[PDB]
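Let me begin by presenting the structure, written as structure tokens, before commenting on it.
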Amino acid sequence: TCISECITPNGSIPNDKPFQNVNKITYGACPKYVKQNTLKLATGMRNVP
Amino acid sequence: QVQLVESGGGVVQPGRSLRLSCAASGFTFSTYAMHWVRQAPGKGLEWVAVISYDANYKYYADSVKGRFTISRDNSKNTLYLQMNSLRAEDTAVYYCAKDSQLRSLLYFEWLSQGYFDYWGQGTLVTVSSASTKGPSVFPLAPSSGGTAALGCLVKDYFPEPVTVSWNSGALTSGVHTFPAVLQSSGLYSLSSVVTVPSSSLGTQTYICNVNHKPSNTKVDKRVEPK
Amino acid sequence: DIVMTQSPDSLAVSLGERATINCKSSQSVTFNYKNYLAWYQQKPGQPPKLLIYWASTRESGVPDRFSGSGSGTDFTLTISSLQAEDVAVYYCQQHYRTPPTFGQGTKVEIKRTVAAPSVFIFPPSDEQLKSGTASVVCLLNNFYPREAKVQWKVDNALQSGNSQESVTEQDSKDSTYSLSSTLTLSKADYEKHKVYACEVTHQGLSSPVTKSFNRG
Amino acid sequence: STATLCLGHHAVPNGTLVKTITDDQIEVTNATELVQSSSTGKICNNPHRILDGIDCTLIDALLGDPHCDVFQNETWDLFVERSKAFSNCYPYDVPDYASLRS
Amino acid sequence: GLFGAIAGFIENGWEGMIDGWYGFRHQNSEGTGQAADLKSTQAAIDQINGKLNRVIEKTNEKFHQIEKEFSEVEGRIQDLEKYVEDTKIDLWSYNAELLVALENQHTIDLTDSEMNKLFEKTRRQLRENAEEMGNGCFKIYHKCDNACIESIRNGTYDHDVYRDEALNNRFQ
Amino acid sequence: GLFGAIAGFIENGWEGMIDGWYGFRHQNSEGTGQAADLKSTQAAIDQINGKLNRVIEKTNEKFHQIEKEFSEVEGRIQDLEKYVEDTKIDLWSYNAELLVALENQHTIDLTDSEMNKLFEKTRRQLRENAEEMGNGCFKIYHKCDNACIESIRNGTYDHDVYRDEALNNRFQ
Amino acid sequence: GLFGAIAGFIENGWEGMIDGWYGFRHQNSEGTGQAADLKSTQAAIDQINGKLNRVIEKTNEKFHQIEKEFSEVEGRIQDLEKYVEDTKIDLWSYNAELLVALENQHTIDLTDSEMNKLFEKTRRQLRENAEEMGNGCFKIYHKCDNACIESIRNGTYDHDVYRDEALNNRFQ
Ligand SMILES: *[C@@H]1O[C@H](CO)[C@@H](O[C@@H]2O[C@H](CO)[C@@H](O[C@@H]3O[C@H](CO)[C@@H](O)[C@H](O)[C@@H]3O)[C@H](O)[C@H]2NC(C)=O)[C@H](O)[C@H]1NC(C)=O
Ligand SMILES: *[C@@H]1O[C@H](CO)[C@@H](O[C@@H]2O[C@H](CO)[C@@H](O)[C@H](O)[C@H]2NC(C)=O)[C@H](O)[C@H]1NC(C)=O
Ligand SMILES: *[C@@H]1O[C@H](CO)[C@@H](O[C@@H]2O[C@H](CO)[C@@H](O)[C@H](O)[C@H]2NC(C)=O)[C@H](O)[C@H]1NC(C)=O
Ligand SMILES: *[C@@H]1O[C@H](CO)[C@@H](O[C@@H]2O[C@H](CO)[C@@H](O)[C@H](O)[C@H]2NC(C)=O)[C@H](O)[C@H]1NC(C)=O
Ligand SMILES: *[C@@H]1O[C@H](CO)[C@@H](O[C@@H]2O[C@H](CO)[C@@H](O)[C@H](O)[C@H]2NC(C)=O)[C@H](O)[C@H]1NC(C)=O
Ligand SMILES: *[C@@H]1O[C@H](CO)[C@@H](O)[C@H](O)[C@H]1NC(C)=O
């Protein structure tokens, strides 16, 4: 008992990110399965100390 | 569509706690900031808190700094606000408001918010050490004029509301019912009056029907000359 | 804190003529060609509905007679012809720097033909005098404009600080207001003085009117 | 006594809103539309060669149903099978009809 | 843009400039007027052009396409026929949506850049005769008529003629 | 980064600046001190928040997805059902890896630009009363006390008031 | 490019600089010579290195690929097999032609920035003792030997030593 749109066979996962990596099998409105397990999008400037 | 619905205020003695809850529906709650904005009685709008969609930036207006704590539950779609160590100055109706800006980045205390897009029901929080008394309904005696008028002064009750009517609601026109006023004792009183034709200041008997649900008080007075 | 100052305070115009309000900011609230100012209507016993955002766009629901305008540091809301479902307070707001701040509020009523009050004084009730303190009451009935003024006089000693008042909303047929006033004393001091009177001074009273009772 | 020179750029009374990397909507002096979204309503007969099947399915045409012998030996770039179309001869099925049309 | 001339130190653009994208406004002894700069206008348009042509030399001349609408419920093959198109169409949108949005943020920052360029062509002409007010405006420090500043516009400005005057107006 | 402001001509970053992202540390008669420039800091934050939201507006709500695992060895049809999916995934990842790259490259170049933009905007405002020290510090050439300084920070600094003083400190 | 140094305010390029990508050419009391500036010729080559390296690793390794050429006419299962691959192909080709087009535009603009970067490194060193002619050339306002040219290029110039000497040549 819990809300969650996107089902995999591994269990539910949320769709707030644009890309999953949990299973290419997917029922519901789920982020698209990409091969990489991490992709970081930079939200600040270059760090320099 | 969009719909915010607030919860759980009322009477609360000074120095003690309370916590409000806003239950959002009809939009993607988790991707928007939320605010609390309060309003003193018969006064204006103050801003109280913001909490980002992240749940991880939160800032408070100085008056409620570090007594209050704005909290958020993006799974159960509902916004909370802990009110510890309350006091007089905090008496107000309290409103949740939705930020206009999508996935805002409140990385700082000063950053610009969005406008206030939809607002909630509102919820009243009273902060006084008075415990409940009941209304003391006195009448008001007729006199001279062209057509004169008569009423019921309702002294020392707490908390609001009190609700009047005239002759089981069978008299409505000419009735005025004045908003309450808090005497320095802490108890509210109000006034209620009706102008009428003078040609029945005897025959037409006049029962006024007072009520105070919070003490279970019901009174009914009559209104006569001399 | 950025100080939002609204002006004027109260307004009033004839149902179907133009009305207009000003919000003055403590500093520019304009930034990258957006004016981070919004306007709210608030009718009583209710929250506020959003009227205008980004200084001059109408929120979907609003009808075409409302208009925001201005840029930087002075803004001006405009009801092009005041229909009667407008009587509310009107609040301007800035959201360009946290803490968001609001204007003080501009109550807009309906302008109408002048209207004298009808003044009635009441003495304290026999039931009451049994428990220690004593209350006199004064009632100003269906008058207009809003700005009446009662003054209590215990044996012609202008009273003060013991008296309270409140007024009703504007009526949805006549548009008069109506005022009640409660001079509270102890029974202690009620039994000394004989002449109680409230002296109403007001636009529709070419000179102050005084209503009074004697004790018996 | 001394002058001032100022550089600048032009504007219009109504630019178009476009999308960007950072901005959803942002107004520029002019746009152009990359998505075709409208149709004349009619198939042109040039420059491709169109054969209008009318009340024949292409399969029927081939099989040689009476009211389709109008089509014997015909040649088309694009064969346009009409929904008004029918068959009217011994009742048949073609397994992998799918493919025999194709 | 990224250069912060357009919608930056250049307060706002000019609606009374119908013969060009970038250009000049003077005030002086004789009067006041305005002219476009034709090279920097042509510069910008000549890119936005090629850019466009580039964005468009494609239209899928392939190739016996497959059935995509359906008369029946068929199960396995049909399913894949739909998955295969439904997928393609998803990708080819992403492709499109990315394309305009890059193309557009560049198309913007590029024209901002050109307004900088014109500005640096002009400062470098006025070596020590002028100063940057800060709002895309130069204060020359010498008397300059409608034939003078015409030199500046058409790149034929000598700075040593006026130097002695200008310097003395500035530093004295 | 493209502009050379950050990670370059400004030696390194100020770890003690917590009010915002861009700033002013000074030194004059009334000791030293720091202050954060907001009109900038928001400017960047805006752009990021902005592309953040552009980047995430999609979730592949596309129809019946075929079977992707298989219990038995089958042949031609099963083979095509894997190839289709395998190929889909490979592109989606290519897309995915390129987005992060372009975006991130841009995000850096963008924050760089804003630094430089501040530094220009300031130098302009300082018309003829300081010189670029080289390291992204100025040398204001008069006695500018904490009053005056803030003027320059929040825009109000009128250069003419000083000039006399500073022209003389520079060339005498 | 964007920054408009190369193919811009710097007329054209030196076909006889063969030890570097950016540099200086002098004319002084002692004659006429040239040197590469290394730091910048490195940082321009160092991004291109990364960039290339980034574009490359990347090779499609999967999985019992479907048959692609066909020796019969089979209608539907084939019609799909081809369209699956036919479609894939068009995607990668686009996917490719975009990458190269993107990368380049940038490679071209970053190399441009590096020049303009080296232009402004110099300008700030020669604080007051020179003035930009606008053809990518300064006019130093004093006597400067081979030992002083080479002192500029290796970061060790001392504006203050030739200060007084500089100002008289400019103004009087
Ligand atoms: C910037 O250029 C765009 C196009 O690149 C301009 O829009 C164009 O406007 C013209 C004249 O109004 C249009 O021509 C005709 O429009 C009418 C429909 O209103 C009709 O007779 C024809 O269908 C015909 O197309 C035209 O549609 C349109 N663009 C294109 C590509 O055809 C725009 O005027 C320019 N922007 C500004 C601010 O001037
Ligand atoms: C989700 O469950 C599936 C079901 O097995 C997992 O996929 C396999 O994971 C294991 C463990 O790493 C491997 O031995 C296989 O190679 C995977 N198979 C394929 C075809 O990918 C998966 O690990 C689970 N993932 C998570 C995140 O829980
Ligand atoms: C082109 O024609 C097609 C039909 O082949 C249209 O697609 C239909 O559109 C309606 C209304 O939007 C939808 O209910 C269905 O998706 C389609 N109908 C059928 C029967 O498949 C399409 O809208 C037309 N568009 C234009 C621009 O002409
Ligand atoms: C660019 O403009 C200049 C100045 O407006 C023009 O110069 C010509 O020659 C003299 C020299 O300064 C000017 O006083 C005249 O106004 C012009 N006379 C003629 C006969 O053309 C000139 O038109 C342009 N420059 C060049 C090199 O063609
Ligand atoms: C960089 O190159 C310069 C320019 O030639 C070098 O200059 C020498 O510097 C020292 C003093 O620092 C002096 O003895 C001479 O004037 C120079 N010697 C020669 C052989 O030319 C210098 O080596 C470098 N700069 C620094 C600061 O080390
Ligand atoms: C800048 O802030 C200071 C006070 O901290 C003062 O010099 C001045 O009032 C401010 N300037 C502006 C334009 O607000």
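By order in the structure tokens, chains are A, B, ...; within a chain, residues start at 1; ligands start at 1, following the order shown.
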**OP:** Could you please extract the residues within 6 Å of ligand 3, counting only C-alpha atoms and all ligand atoms, and hand them back as a list in words?
**Re:**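 Residues lying within 6 Å of ligand 3: residues 37, 38 and 39 of chain D.
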Using N, CA, C and O atoms, can you write the selected residues to a file as a CSV table (one decimal), in the first residue's frame?
```csv
chain,number,residue,atom,x,y,z
D,37,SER,N,2.1,20.8,-40.4
D,37,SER,CA,0.9,20.3,-39.7
D,37,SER,C,-0.4,20.4,-40.4
D,37,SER,O,-1.5,20.3,-39.8
D,38,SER,N,-0.3,20.6,-41.7
D,38,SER,CA,-1.5,20.9,-42.5
D,38,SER,C,-1.4,20.1,-43.8
D,38,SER,O,-0.3,19.8,-44.3
D,39,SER,N,-2.6,19.7,-44.4
D,39,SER,CA,-2.7,19.0,-45.7
D,39,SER,C,-3.7,19.6,-46.6
D,39,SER,O,-4.9,19.8,-46.2
```
Original post:
Given a cut-off of 8 Å, what residues near ligand 2 show up using only C-alpha atoms and all ligand atoms, put as a list in words?
Top reply: residues 9, 10, 21, 22 and 23 of chain A; 69 of chain F
Those same residues, written as a PDB file, in the first residue's frame with C-alpha atoms?
```
ATOM      1  CA  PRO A   9       9.471  -6.382 -11.811  1.00  0.00           C
ATOM      2  CA  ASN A  10      11.986  -5.375  -9.156  1.00  0.00           C
ATOM      3  CA  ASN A  21      18.522   1.753 -14.865  1.00  0.00           C
ATOM      4  CA  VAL A  22      16.473  -0.722 -12.725  1.00  0.00           C
ATOM      5  CA  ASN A  23      14.924  -2.889 -15.441  1.00  0.00           C
TER       6      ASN A  23
ATOM      7  CA  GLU F  69      12.982 -11.630 -21.393  1.00  0.00           C
TER       8      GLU F  69
END
```
**OP:** Throw together the list of residues within 7 Å of ligand 4, counting only C-alpha atoms and all ligand atoms, and drop it here as a count of residues only.
**Re:** 6
Original post:
Excluding same-chain residues fewer than 4 positions from stretch 24-28 of chain A, what lies within 6 Å of it counting only C-alpha atoms, as a PyMOL selection string?
Top reply: chain A and resi 5-8+33
Using N, CA and C atoms, can you write the selected residues to a file as a JSON list (two decimals), in the first residue's frame?
```
[["chain", "number", "residue", "atom", "x", "y", "z"],
["A", 5, "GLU", "N", 3.41, 5.27, -9.70],
["A", 5, "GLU", "CA", 2.97, 5.13, -11.10],
["A", 5, "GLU", "C", 3.68, 4.04, -11.84],
["A", 6, "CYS", "N", 4.99, 4.05, -11.66],
["A", 6, "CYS", "CA", 5.84, 3.24, -12.47],
["A", 6, "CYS", "C", 6.14, 1.89, -11.82],
["A", 7, "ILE", "N", 5.79, 0.79, -12.47],
["A", 7, "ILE", "CA", 6.13, -0.53, -11.94],
["A", 7, "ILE", "C", 7.27, -1.13, -12.77],
["A", 8, "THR", "N", 8.24, -1.77, -12.10],
["A", 8, "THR", "CA", 9.19, -2.74, -12.70],
["A", 8, "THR", "C", 8.91, -4.11, -12.09],
["A", 33, "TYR", "N", 15.02, 3.46, -19.94],
["A", 33, "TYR", "CA", 16.08, 2.61, -19.40],
["A", 33, "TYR", "C", 17.31, 2.90, -20.18]]
```
Subject >> Long-range neighbours of stretch 87-92 of chain C as a PyMOL selection string, 10 Å cut-off, only C-alpha atoms, 2 positions minimum in chain >> reply: (chain B and resi 44-45) or (chain C and resi 4-6+9-12+21-25+37-44+48+50-53+55+75-77+82-85+94+101-110+170)
For the residues selected in the previous step, produce a file with C-alpha atoms as a PDB file, in the first residue's frame.
```
ATOM      1  CA  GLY B  44      -3.126  42.149   7.114  1.00  0.00           C
ATOM      2  CA  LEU B  45      -0.982  39.456   5.495  1.00  0.00           C
TER       3      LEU B  45
ATOM      4  CA  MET C   4       5.297  47.666   0.469  1.00  0.00           C
ATOM      5  CA  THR C   5       3.212  50.860   0.848  1.00  0.00           C
ATOM      6  CA  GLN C   6      -0.291  50.920  -0.621  1.00  0.00           C
ATOM      7  CA  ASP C   9      -6.083  53.399   2.120  1.00  0.00           C
ATOM      8  CA  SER C  10      -9.842  53.387   1.585  1.00  0.00           C
ATOM      9  CA  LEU C  11     -11.478  54.076  -1.706  1.00  0.00           C
ATOM     10  CA  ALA C  12     -15.109  54.244  -2.885  1.00  0.00           C
ATOM     11  CA  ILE C  21      -4.928  51.792  -6.356  1.00  0.00           C
ATOM     12  CA  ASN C  22      -1.116  52.266  -5.925  1.00  0.00           C
ATOM     13  CA  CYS C  23       1.612  49.974  -4.562  1.00  0.00           C
ATOM     14  CA  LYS C  24       4.921  51.643  -3.814  1.00  0.00           C
ATOM     15  CA  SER C  25       8.018  49.565  -3.220  1.00  0.00           C
ATOM     16  CA  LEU C  37       4.762  41.902  -8.259  1.00  0.00           C
ATOM     17  CA  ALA C  38       1.305  40.351  -7.833  1.00  0.00           C
ATOM     18  CA  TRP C  39      -2.120  41.612  -6.698  1.00  0.00           C
ATOM     19  CA  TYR C  40      -4.721  39.861  -4.494  1.00  0.00           C
ATOM     20  CA  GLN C  41      -8.455  40.351  -3.830  1.00  0.00           C
ATOM     21  CA  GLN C  42      -9.758  39.331  -0.372  1.00  0.00           C
ATOM     22  CA  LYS C  43     -13.477  39.372   0.500  1.00  0.00           C
ATOM     23  CA  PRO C  44     -14.315  38.775   4.165  1.00  0.00           C
ATOM     24  CA  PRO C  48      -7.460  35.710  -0.994  1.00  0.00           C
ATOM     25  CA  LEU C  50      -5.072  35.945  -7.052  1.00  0.00           C
ATOM     26  CA  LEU C  51      -6.021  38.855  -9.220  1.00  0.00           C
ATOM     27  CA  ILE C  52      -2.873  39.758 -11.279  1.00  0.00           C
ATOM     28  CA  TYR C  53       0.752  38.464 -11.566  1.00  0.00           C
ATOM     29  CA  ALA C  55       2.617  43.174 -12.707  1.00  0.00           C
ATOM     30  CA  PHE C  75       2.431  50.005  -9.786  1.00  0.00           C
ATOM     31  CA  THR C  76      -1.327  50.753 -10.151  1.00  0.00           C
ATOM     32  CA  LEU C  77      -4.322  48.297 -10.103  1.00  0.00           C
ATOM     33  CA  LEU C  82     -16.705  48.862 -10.559  1.00  0.00           C
ATOM     34  CA  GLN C  83     -19.434  46.285 -10.540  1.00  0.00           C
ATOM     35  CA  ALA C  84     -20.613  45.464  -6.948  1.00  0.00           C
ATOM     36  CA  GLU C  85     -18.868  42.083  -6.543  1.00  0.00           C
ATOM     37  CA  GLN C  94       6.367  41.517  -3.907  1.00  0.00           C
ATOM     38  CA  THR C 101       5.981  41.236   1.564  1.00  0.00           C
ATOM     39  CA  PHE C 102       2.499  42.691   1.171  1.00  0.00           C
ATOM     40  CA  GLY C 103       0.814  46.074   0.961  1.00  0.00           C
ATOM     41  CA  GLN C 104      -1.248  47.283   3.916  1.00  0.00           C
ATOM     42  CA  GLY C 105      -4.501  46.813   1.959  1.00  0.00           C
ATOM     43  CA  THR C 106      -6.997  49.136   0.191  1.00  0.00           C
ATOM     44  CA  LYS C 107     -10.676  48.591   1.199  1.00  0.00           C
ATOM     45  CA  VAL C 108     -12.941  49.646  -1.688  1.00  0.00           C
ATOM     46  CA  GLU C 109     -16.581  50.353  -0.819  1.00  0.00           C
ATOM     47  CA  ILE C 110     -19.496  51.728  -2.863  1.00  0.00           C
ATOM     48  CA  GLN C 170     -21.496  47.725   4.022  1.00  0.00           C
TER      49      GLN C 170
END
```
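Within 12 Å of residue E:49, once only C-alpha atoms are used and residues closer than 6 positions along the same chain are dropped, the contacting residues are residues 32 of chain D; 42, 43, 55, 56 and 107 of chain E.
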Original post:
Where in stretch 11-128 of chain G does DSSP assign alpha helix (DSSP H), given as a ChimeraX atom specification?
Top reply: /G:38-56,76-125
**OP:** Pull out every residue of chain B sitting within 12 Å of chain A, counting only C-alpha atoms, and send them as a PyMOL selection string.
**Re:** chain B and resi 28+30-31+53-54+74-77+103+105+107
